[PDB]
Each structure stands twice: as C-alpha cells, then as structure tokens.
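This document starts with one chain, in the form deposited without the named molecule, laid out as structure tokens.
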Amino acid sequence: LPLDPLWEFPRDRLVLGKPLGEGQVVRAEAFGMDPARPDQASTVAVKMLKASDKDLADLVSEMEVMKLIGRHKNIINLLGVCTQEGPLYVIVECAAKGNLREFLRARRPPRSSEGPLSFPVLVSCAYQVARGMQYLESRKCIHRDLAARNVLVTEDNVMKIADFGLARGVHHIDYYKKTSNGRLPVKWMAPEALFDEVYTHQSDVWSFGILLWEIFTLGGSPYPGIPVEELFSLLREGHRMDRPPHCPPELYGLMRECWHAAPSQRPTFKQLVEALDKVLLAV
C-alpha cells in the first residue's frame, strides 16, 4: 500500500479499546488527530480486518471511497488511515449513542406522560438522514442498505449515515439471511433491486421510506410478522406497510411516496429534504 500523506496517521497515536461490531470496528483513543493539538485525546472508530485477500481489497476499496466522498455533517467521516508498517486501519468518526434503531428502541415511552422522544426530534432525525443522503447522492454514492441500524447517533443527537462506502456483494445476497440481531435486510430493498438487481439513488429513496417507518415506530421492525417467502409474494402484489400509530398523515404520505412502484415517481432526496424542512419549521 502506498503512502498518502494527506490521510496517514501514526498508529502509535492510537490506543485500541472496545470492539463495536464485526471486518471489525473497534473504539479507540487517538492523540493529536488535530495536529494543532498533538497531545489532545479524541474518541474514534477504527475499521480493520478480522482475513482473506478479498477481505483486504474490500477494506482498501471502502478506504478509497471515503477519501473521495469528502466531509459532511450527516455522514460518518474519514479521519485518517494507517497503511504503513502494520495492519490496515481506517479511522472514522465514533458516534457516542450508537445506531439509530437501538437509540429509538431504548427511548420508548410530573412528566410521566413524557418519554425522551418528541415529534420534532423524530422529524429532525429524518431530516438529517435525508440531508446526508442528498450529499452522498451528489457524490454519486448509492448506499444500497440504508436502514436505521446504518445511521449512527452522536452525543448531540446528530445523525450520521454509516457504511455508505461498502463493497456489497449485490450479486450474491442471501435474501433469507437473518442477522444475529434478527434483522432481515431484504426488507429494506427497493423492488427493482430485489427483483431486477438494479440500484439507483431512487432505490435508496425506497429504503429511506422504510427508515422513516422505523423512526415513527421508534425502531420497529418492518413488515411485522411477515417472513421472507411471504414478503416476495406480497411485494409482487404491491403490498405496502400500514400507517403506524401516532404518525401524522404528512409522514405516512412521505413513506408512501418513497414506495411508489416507479422509481421516477418517488421523491428525490432534495425533495425529501425540502418536505421535511417544512414540517420542522411548522414547529
């Protein structure tokens, strides 16, 4: 691997800590990530191999994607890399509150009538994800698995889209795959992706609609009670999820637009940002 001085960070300035998931991602302390404060500690996340040569190329691929995509408030940003004299590390921002799905589920409801989550904050979460996706789209990045579990939450409740630069094996998806936390990722796939193996930014818009439903069910799992075999047949029939409880029609409206059969008849991310902004400003 060649040295890129723009991004190289000394590995001896990292102290590896608790693993965050399984390549693998590990929480770490970094010293002098800002070269103006060389002895200052910060908390970062380090992506690394668990590994085959294919596994290595995929991580290098993600690294190069992240270099090109540039900075945005609502994505997990690249901070540095360690490529020389040791294992490949890709250092990115660490979001203190974990993923959005778990953030919502943990916060389900003199203030006994009040849970931690209010309507304007739920809308803000949706707006921020749309802003991040608008940015990624402007950089010609299709996410391909946009979902609440792939949005991370900072200490200040800022949404950051994660894992947007993954080499995903799109031509070998096990549609019946259930994760160790019980997720069926097929439930986020646009029909053109699932059925025809076509991905565009409009397929991410479909997934955003599913994410919207996750937000307004406070981390509910989509298509409740529906196994994959039934999901296939239901999608072929044009099945859409019901309006969740305590969800205004404006937001279910947006969900249904995101799930229009024709990709060109779904909103763009720019339109979603504008629509959600209007709801946010309506108080």
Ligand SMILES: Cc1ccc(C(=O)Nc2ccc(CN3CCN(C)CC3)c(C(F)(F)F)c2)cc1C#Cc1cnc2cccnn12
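When you see a residue number, it is the position in the sequence shown, counting from 1. Rigid core: the largest C-alpha set superposing within 1.5 Å between the two forms.
Q: In 4 other deposited structures of this protein, superposed by the rigid core, which stretch departs further from the shown form in CA positions, 163-171 or 141-149?
A: The answer is 163-171, which departs more from the shown form in 4 other deposited structures of this protein.
Q: Could you tell me which of the two stretches, 74-82 or 110-118, has its Cα atoms lying farther from the shown structure in 4 other deposited structures of this protein after fitting on the rigid core?
A: Looking at 74-82 versus 110-118 in 4 other deposited structures of this protein, the farther one turns out to be 110-118.
Q: Relative to the deposited sequence, how many residues with no modelled coordinates occur between residue 109 and residue 110 (none, 1 to 3, 4 to 9, 10 or more)?
A: Gap size class: 4 to 9 residues without coordinates, per the record.
Q: Counting only residues from the deposited sequence, how many are left out of the model between residue 22 and residue 23 (none, 1 to 3, 4 to 9, 10 or more)?
A: Just 1 to 3 residues are missing between them.
Q: Identify the stretch, either 119-127 or 160-168, whose C-alpha atoms have the larger mean B-factor according to the entry.
A: In the deposited entry, the stretch with the higher C-alpha B-factor mean is 160-168.
Q: Mean C-alpha B factor from the entry: is it higher for 99-107 or for 174-182?
A: It is 174-182.
Q: So among 87, 80, 132, 191, who wins on Cα B-factor in the entry?
A: Answer, based on the entry's C-alpha B-factors: 87.
Q: When the CA B-factors of 51, 218, 241, 251 are compared as recorded in the entry, which is the largest?
A: It is 51.
Q: How does the C-alpha B factor of residue 140 compare with the rest of the chain: lowest, middle or highest third?
A: Its C-alpha B-factor, which the entry lists for residue 140, ranks in the highest third among residues of this chain.
Q: Can you tell me whether residue 14 has a C-alpha B-factor in the lowest, middle or highest third compared with the other modelled residues of the same chain?
A: As the PDB entry reports it, the C-alpha B-factor of residue 14 lands in the lowest third of its chain.
Q: Place residue 149 in the lowest, middle or highest third of its chain's C-alpha B-factors, as listed in the PDB entry.
A: Within its chain, residue 149 is a lowest-third residue by C-alpha B-factor, going by the deposited values.
Q: Could you look up the Cα B-factor of residue 229 in the entry and say which third of the chain it sits in: lowest, middle or highest?
A: Middle third of the chain for residue 229's C-alpha B-factor.
Q: Thinking about Cα B factors across the chain, which third does residue 55 belong to?
A: Its C-alpha B-factor belongs to the highest third of this chain's values.
Here the subject shifts to the form deposited with the named molecule bound, a form of this protein not shown in this document.
Q: For the form shown, open or blocked once the named molecule is overlaid as positioned in the bound PDB entry, with the cut-off of 3 or more ligand atoms within 2.4 Å of backbone or C-beta atoms?
A: The site is blocked here, because the named molecule, transferred from its pose in the bound PDB entry, has 3 or more atoms within 2.4 Å of backbone or C-beta atoms.
Q: Select from the listed residues 215, 30, 66, 251 the one whose heavy atoms reach within 4.5 Å of the named molecule in the bound PDB entry.
A: It is 66 that has a heavy atom within 4.5 Å of the partner.
Q: Tell me, out of 88, 158, 122, 142, which residue has a non-hydrogen atom within 4.5 angstroms of the named molecule in the bound PDB entry.
A: So the residue touching the named molecule in the bound PDB entry, by this definition, is 142.
Q: Look at the stretches 207-215, 188-196, 163-171, 122-130 and give the one with heavy atoms within 4.5 Å of the named molecule in the bound PDB entry.
A: Answer to the contact question: 163-171.
Q: Is the named molecule close enough to 234, 241 and 260 in the bound PDB entry that each of the three has a heavy atom within 4.5 Å of it?
A: Negative, none of the three is within 4.5 Å.
Q: Quick check on residue 20: any heavy atom within 4.5 Å of the named molecule in the bound PDB entry?
A: Residue 20: contacts the named molecule in the bound PDB entry.
Q: Could you tell me if residue 98 has a non-hydrogen atom within 4.5 Å of the named molecule in the bound PDB entry?
A: Result yes; residue 98 sits at the interface with the named molecule in the bound PDB entry.
Q: In the bound PDB entry, does residue 45 have a heavy atom within 4.5 Å of the named molecule?
A: Close contact exists here: in the bound PDB entry, residue 45 approaches the named molecule to within 4.5 Å, heavy atoms only.
Q: If we define contact as a non-hydrogen atom of the residue within 4.5 angstroms of the partner, is residue 104 a contact of the named molecule in the bound PDB entry?
A: Contact with the named molecule, no.
Q: Just to make sure I understand: among 169-183, which residues lie within 4.5 Å of the named molecule in the bound PDB entry, judging by heavy atoms?
A: Not one residue comes within 4.5 Å of the partner.
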